[PDB]
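**Q** I am attaching a structure below and will ask some questions about it afterwards.
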Amino acid sequence: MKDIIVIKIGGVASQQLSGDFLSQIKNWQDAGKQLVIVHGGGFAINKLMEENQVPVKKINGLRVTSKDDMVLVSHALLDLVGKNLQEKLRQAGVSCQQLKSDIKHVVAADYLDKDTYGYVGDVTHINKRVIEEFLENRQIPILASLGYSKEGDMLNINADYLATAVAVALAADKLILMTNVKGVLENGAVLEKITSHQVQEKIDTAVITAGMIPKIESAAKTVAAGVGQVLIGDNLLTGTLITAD
Ligand SMILES: Nc1ncnc2c1ncn2[C@@H]1O[C@H](COP(=O)(O)OP(=O)(O)O)[C@@H](O)[C@H]1O
Ligand SMILES: CC(=O)N[C@H](CCC(=O)O)C(=O)O
Ligand SMILES: [Mg+2]
């Protein structure tokens with residue numbers, strides 16, 4: 001126990017944060033726990049694309065993103081999701097800060113496959129030293145799912161991918177992938193537990209589809225690298241538990 005938890009918050013999930021959620025965060029912070037928050041915003045980016053007349057195309061659960069598209073992506077993530085997260089937490093007495101210009105000094109990335117996906121990135125390195133300044137200061141850093149190429153270009157990163165990189169870089173005790181379903185569902189009920197060795201065969205039988213594909217792959221990659229537990233569900237405490245074994 002390093003006493004470190006990474007919380008990743010999905011698009012819908014960030015717009016419905018409960019009283020239980022807000023108290024649990026404040027109580028962990030008051031008990032000395034070190035907390036880092038990562039968030040996405042697919043539902044918001046989709047809305048914005050419509051309102052601005054661009055076509056949503058995804059491939060393998062990843063959004064095809066042109067350079068013009070990135071203006072839309074960064075606006076929805078920073079101004080339409082991230083600012084609300086920071087305001088709800090501060091109003092509840094949690095000490096925290098949205099990264100904006102600090103993003104380029106923390107998350108390095110490269111193009112996943114330019115010809116297929118455009119400006120979609122894969123994380124290449126996390127600079128721990130600047131996340132550590134916030135934590136040493138008892139303040140929770142809030143990170144949108146964005147990174148920067150070696151040449152300085154902003155890239156769109158699937159939020160689950162960013163959460164794995166962050167949890168692994170800090171050697172976290174636990175990662176929570178909080179979303180808008182109660183667990184990973186199979187045959188009409190929530191699965192209580194799954195090990196990393198069983199994930200591939202549920203993506204092969206297509207039990208798991210769409211956005212739950214990058215979610216469950218990130219969970220498996222995290223425990224495989226030594227993080228003790230990953231939770232997938234709609235809250236901080238109950239849902240599906242994933243372990244290396
Ligand atoms: N086996 C499954 N169990 C649960 N959800 C699934 C499954 N297969 C596909 N999904 C879909 O994955 C979605 C969650 O991923 P996503 O839509 O990207 O949410 P988030 O914004 O939290 O990342 C669920 O809302 C559900 O529609
Ligand atoms: C929707 C969307 O563009 N997703 C991301 C980033 C946001 C999120 O994960 O919620 C992506 O495909 O790369
Ligand atoms: Mg998603």
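Identifiers for the structure tokens are assigned positionally: chains receive A, B, ... in sequence, residues are indexed from 1 per chain, and ligands are indexed from 1 in the order shown.
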Any residue with an atom at most 7 Å from ligand 3 counts, using only C-alpha atoms and all ligand atoms. Which are they? Put them as a ChimeraX atom specification.
**A** /A:10,42,159-160,211-212,215
**Q** Counting only C-alpha atoms and all ligand atoms, which residues of chain A sit at most 6 Å from some atom of ligand 2, and what is each one's closest atom pair with its distance in Å to one decimal, listed by chain and rising residue number, as JSON lines?
**A**
```
{"residue": "A:10", "atom": "CA", "partner": "ligand 2", "partner_atom_place_in_ligand_line": "10 (O)", "distance": 5.9}
{"residue": "A:11", "atom": "CA", "partner": "ligand 2", "partner_atom_place_in_ligand_line": "10 (O)", "distance": 5.7}
{"residue": "A:40", "atom": "CA", "partner": "ligand 2", "partner_atom_place_in_ligand_line": "10 (O)", "distance": 3.4}
{"residue": "A:41", "atom": "CA", "partner": "ligand 2", "partner_atom_place_in_ligand_line": "10 (O)", "distance": 3.9}
{"residue": "A:42", "atom": "CA", "partner": "ligand 2", "partner_atom_place_in_ligand_line": "1 (C)", "distance": 3.3}
{"residue": "A:62", "atom": "CA", "partner": "ligand 2", "partner_atom_place_in_ligand_line": "12 (O)", "distance": 3.9}
{"residue": "A:63", "atom": "CA", "partner": "ligand 2", "partner_atom_place_in_ligand_line": "12 (O)", "distance": 4.1}
{"residue": "A:120", "atom": "CA", "partner": "ligand 2", "partner_atom_place_in_ligand_line": "13 (O)", "distance": 5.8}
{"residue": "A:145", "atom": "CA", "partner": "ligand 2", "partner_atom_place_in_ligand_line": "6 (C)", "distance": 5.9}
{"residue": "A:156", "atom": "CA", "partner": "ligand 2", "partner_atom_place_in_ligand_line": "13 (O)", "distance": 5.1}
{"residue": "A:157", "atom": "CA", "partner": "ligand 2", "partner_atom_place_in_ligand_line": "13 (O)", "distance": 4.4}
{"residue": "A:158", "atom": "CA", "partner": "ligand 2", "partner_atom_place_in_ligand_line": "13 (O)", "distance": 3.5}
{"residue": "A:159", "atom": "CA", "partner": "ligand 2", "partner_atom_place_in_ligand_line": "9 (O)", "distance": 3.8}
```
**Q** Store the residues of this selection in a file with N, CA, C and O atoms, as a CSV table (one decimal), in the first residue's frame.
**A**
```csv
chain,number,residue,atom,x,y,z
A,10,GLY,N,-16.1,8.6,-16.5
A,10,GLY,CA,-16.6,8.7,-17.9
A,10,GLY,C,-17.5,9.9,-18.3
A,10,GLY,O,-17.8,10.8,-17.5
A,11,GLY,N,-18.0,10.0,-19.5
A,11,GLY,CA,-18.8,11.2,-20.0
A,11,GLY,C,-20.0,11.4,-19.2
A,11,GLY,O,-20.2,12.4,-18.4
A,40,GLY,N,-12.8,11.4,-19.3
A,40,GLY,CA,-13.1,11.6,-20.8
A,40,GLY,C,-14.3,12.5,-21.1
A,40,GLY,O,-14.5,13.5,-20.4
A,41,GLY,N,-15.1,12.1,-22.1
A,41,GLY,CA,-16.2,13.0,-22.5
A,41,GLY,C,-16.9,12.6,-23.9
A,41,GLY,O,-17.4,13.5,-24.6
A,42,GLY,N,-16.9,11.3,-24.3
A,42,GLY,CA,-17.4,10.9,-25.6
A,42,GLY,C,-18.8,11.5,-25.9
A,42,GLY,O,-19.1,12.1,-26.9
A,62,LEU,N,-12.8,3.5,-31.1
A,62,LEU,CA,-11.9,4.7,-31.1
A,62,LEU,C,-12.4,5.7,-32.2
A,62,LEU,O,-12.6,5.4,-33.3
A,63,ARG,N,-12.5,7.0,-31.8
A,63,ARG,CA,-13.1,8.1,-32.7
A,63,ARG,C,-12.0,8.5,-33.7
A,63,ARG,O,-10.9,8.8,-33.3
A,120,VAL,N,-5.4,10.6,-33.3
A,120,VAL,CA,-5.6,9.8,-32.1
A,120,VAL,C,-4.2,9.3,-31.6
A,120,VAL,O,-3.3,8.9,-32.4
A,145,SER,N,-8.5,13.7,-21.1
A,145,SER,CA,-7.8,12.7,-22.0
A,145,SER,C,-7.2,13.3,-23.2
A,145,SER,O,-7.8,13.1,-24.3
A,156,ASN,N,-5.8,13.3,-29.4
A,156,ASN,CA,-7.0,12.8,-28.7
A,156,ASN,C,-6.7,11.4,-28.2
A,156,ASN,O,-6.3,10.5,-29.0
A,157,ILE,N,-6.7,11.2,-26.8
A,157,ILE,CA,-6.4,9.9,-26.2
A,157,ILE,C,-7.6,9.2,-25.6
A,157,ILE,O,-8.3,9.9,-24.9
A,158,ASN,N,-8.0,8.0,-26.0
A,158,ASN,CA,-9.1,7.3,-25.3
A,158,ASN,C,-8.9,7.4,-23.8
A,158,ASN,O,-7.7,7.2,-23.3
A,159,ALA,N,-9.9,7.7,-23.0
A,159,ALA,CA,-9.6,8.0,-21.5
A,159,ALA,C,-9.2,6.8,-20.8
A,159,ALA,O,-8.4,7.0,-19.8
```
**Q** If you count only C-alpha atoms, which residues fall within 10 Å of residue 151 (chain A), apart from same-chain ones fewer than 3 positions away, as a PyMOL selection string?
**A** chain A and resi 110+148+154
**Q** Print the selection's residues with N, CA and C atoms to a file, as a PDB file, in the first residue's frame.
**A**
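Okay, this is what ended up in out-v4.pdb:
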```pdb
ATOM      1  N   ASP A 110       2.178   9.547 -29.083  1.00  0.00           N
ATOM      2  CA  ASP A 110       2.464   9.495 -30.530  1.00  0.00           C
ATOM      3  C   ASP A 110       1.182   9.030 -31.275  1.00  0.00           C
ATOM      4  N   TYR A 148       0.473  15.136 -25.860  1.00  0.00           N
ATOM      5  CA  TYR A 148       1.216  15.949 -26.855  1.00  0.00           C
ATOM      6  C   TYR A 148       2.350  15.186 -27.576  1.00  0.00           C
ATOM      7  N   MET A 154      -1.158  18.645 -30.146  1.00  0.00           N
ATOM      8  CA  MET A 154      -2.173  18.042 -29.289  1.00  0.00           C
ATOM      9  C   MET A 154      -2.856  16.833 -29.944  1.00  0.00           C
TER      10      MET A 154
END
```
**Q** Each residue of region 29-99 of chain A lying at most 10 Å from region 194-210 of chain A should get a row with its shortest atom-to-atom pair and the distance in Å to one decimal, counting only C-alpha atoms; could you produce that, ordered by chain and increasing number, as a Markdown table?
**A**
```
| residue | atom | partner | partner_atom | distance |
| --- | --- | --- | --- | --- |
| A:58 | CA | A:210 | CA | 9.2 |
| A:59 | CA | A:210 | CA | 9.1 |
| A:60 | CA | A:210 | CA | 7.0 |
| A:61 | CA | A:210 | CA | 5.0 |
| A:62 | CA | A:210 | CA | 8.8 |
```
**Q** Between A:223, A:1, A:172, A:12, which one has atoms that come closest to ligand 1, using only C-alpha atoms and all ligand atoms?
**A** A:12
**Q** Report the residues of region 51-182 of chain A whose backbone DSSP state falls under strand (DSSP E), written as number ranges by chain.
**A** A: 58-59, 62-63, 96-98, 107-111, 121-126, 140-144, 146-148, 154-156, 174-178
**Q** Could the residues in this selection be written to a file with C-alpha atoms, as a tab-separated table (two decimals), in the first residue's frame?
**A**
```
chain	number	residue	atom	x	y	z
A	58	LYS	CA	-15.62	5.26	-34.68
A	59	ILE	CA	-13.50	2.20	-35.41
A	62	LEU	CA	-11.92	4.72	-31.12
A	63	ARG	CA	-13.05	8.07	-32.70
A	96	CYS	CA	-8.20	20.12	-6.57
A	97	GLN	CA	-7.04	21.83	-9.83
A	98	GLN	CA	-7.74	21.28	-13.58
A	107	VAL	CA	1.42	13.46	-20.95
A	108	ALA	CA	3.59	12.51	-23.96
A	109	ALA	CA	1.99	10.61	-26.87
A	110	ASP	CA	2.46	9.49	-30.53
A	111	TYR	CA	-0.05	8.78	-33.45
A	121	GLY	CA	-2.66	9.17	-29.73
A	122	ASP	CA	-1.19	6.29	-27.70
A	123	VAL	CA	0.54	7.42	-24.40
A	124	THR	CA	4.36	7.25	-24.66
A	125	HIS	CA	5.41	8.62	-21.21
A	126	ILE	CA	4.01	10.09	-18.02
A	140	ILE	CA	-6.00	16.50	-6.52
A	141	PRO	CA	-4.86	17.00	-10.11
A	142	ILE	CA	-7.70	16.68	-12.69
A	143	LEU	CA	-6.53	15.43	-16.16
A	144	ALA	CA	-8.53	15.44	-19.38
A	146	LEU	CA	-5.28	14.68	-24.10
A	147	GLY	CA	-1.55	14.32	-24.74
A	148	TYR	CA	1.22	15.95	-26.86
A	154	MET	CA	-2.17	18.04	-29.29
A	155	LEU	CA	-3.65	14.48	-29.72
A	156	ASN	CA	-7.02	12.81	-28.71
A	174	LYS	CA	-6.12	0.54	-7.27
A	175	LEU	CA	-7.77	1.99	-10.45
A	176	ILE	CA	-11.57	2.73	-10.60
A	177	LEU	CA	-13.04	2.94	-14.09
A	178	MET	CA	-16.33	4.72	-13.30
```
**Q** Under the rule that only C-alpha atoms and all ligand atoms are counted, which of A:9, A:85, A:244, A:165 is the nearest residue to ligand 1?
**A**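 Under the stated criterion, the closest residue is A:9.
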**Q** Might you pull out every residue within 10 Å of residue 46 (chain A), with only C-alpha atoms counted and same-chain residues fewer than 6 positions away left off, and present them as a PDB file with N, CA and C atoms, in the first residue's frame?
**A**
```pdb
ATOM      1  N   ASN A  52     -22.464  21.231 -34.560  1.00  0.00           N
ATOM      2  CA  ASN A  52     -21.511  21.801 -35.494  1.00  0.00           C
ATOM      3  C   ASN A  52     -21.426  21.044 -36.832  1.00  0.00           C
ATOM      4  N   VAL A  54     -20.590  17.882 -38.059  1.00  0.00           N
ATOM      5  CA  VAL A  54     -19.624  16.821 -38.399  1.00  0.00           C
ATOM      6  C   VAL A  54     -20.095  15.389 -38.022  1.00  0.00           C
ATOM      7  N   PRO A  55     -19.758  14.382 -38.801  1.00  0.00           N
ATOM      8  CA  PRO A  55     -20.104  12.978 -38.659  1.00  0.00           C
ATOM      9  C   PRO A  55     -19.193  12.188 -37.751  1.00  0.00           C
ATOM     10  N   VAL A  56     -19.808  11.590 -36.763  1.00  0.00           N
ATOM     11  CA  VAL A  56     -19.196  10.723 -35.822  1.00  0.00           C
ATOM     12  C   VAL A  56     -18.975   9.378 -36.470  1.00  0.00           C
ATOM     13  N   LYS A  57     -17.695   9.035 -36.609  1.00  0.00           N
ATOM     14  CA  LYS A  57     -17.201   7.759 -36.995  1.00  0.00           C
ATOM     15  C   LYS A  57     -16.201   7.227 -36.007  1.00  0.00           C
ATOM     16  N   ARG A  63     -12.518   7.010 -31.785  1.00  0.00           N
ATOM     17  CA  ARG A  63     -13.052   8.069 -32.704  1.00  0.00           C
ATOM     18  C   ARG A  63     -11.988   8.458 -33.727  1.00  0.00           C
ATOM     19  N   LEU A  72     -12.800  20.856 -31.647  1.00  0.00           N
ATOM     20  CA  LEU A  72     -14.038  20.395 -30.996  1.00  0.00           C
ATOM     21  C   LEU A  72     -13.757  19.505 -29.772  1.00  0.00           C
ATOM     22  N   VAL A  73     -12.826  18.544 -29.941  1.00  0.00           N
ATOM     23  CA  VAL A  73     -12.479  17.575 -28.873  1.00  0.00           C
ATOM     24  C   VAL A  73     -11.962  18.312 -27.609  1.00  0.00           C
ATOM     25  N   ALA A  76     -14.807  20.430 -25.841  1.00  0.00           N
ATOM     26  CA  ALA A  76     -15.748  19.653 -25.015  1.00  0.00           C
ATOM     27  C   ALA A  76     -15.070  19.106 -23.717  1.00  0.00           C
TER      28      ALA A  76
END
```
